């Protein structure tokens, strides 16, 4: 396999190409390995930032909201994430 930080780098590479589907595949794998206790410099909040935006681009609306809530729970001063949460809660009438 690839390491947690390698998979994260793969997902960031896909994201910077505008390839949101492959961003999802890689970041989901990161989350799996982080939850398996694997050592990594990458934090969950950083993964959720890419993943929440990518799943929104793919049309997965309530999951984007769920992941944005989880991101803010782990990084409360993340101003961009707070703006995203306001957007998704207004979009989905979940305020």
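Just so we're on the same page, rigid core means the largest C-alpha set that superposes within 1.5 Å between forms. Numbering follows the first chain given and starts at 1.
- Taking the root mean square of C-alpha distances over all structures and residues in 5 other deposited structures of this protein, with a rigid core superposition, name the larger of 71-79 and 11-19. Between 71-79 and 11-19, the one lying farther away in 5 other deposited structures of this protein is 71-79.
- Message: Between 45-53 and 31-39, which has its CA atoms farther from the current form in 5 other deposited structures of this protein, using a rigid core superposition?
- Response: More C-alpha displacement in 5 other deposited structures of this protein shows up in 31-39.
- Query: Should the higher mean CA B-factor in the entry be assigned to 32-40 or to 47-55?
  - Reply: Here the higher of the two C-alpha B-factor means belongs to 32-40.
- Lowest, middle or highest third: where is residue 18 by C-alpha B factor in its chain? As the PDB entry reports it, the C-alpha B-factor of residue 18 lands in the highest third of its chain.
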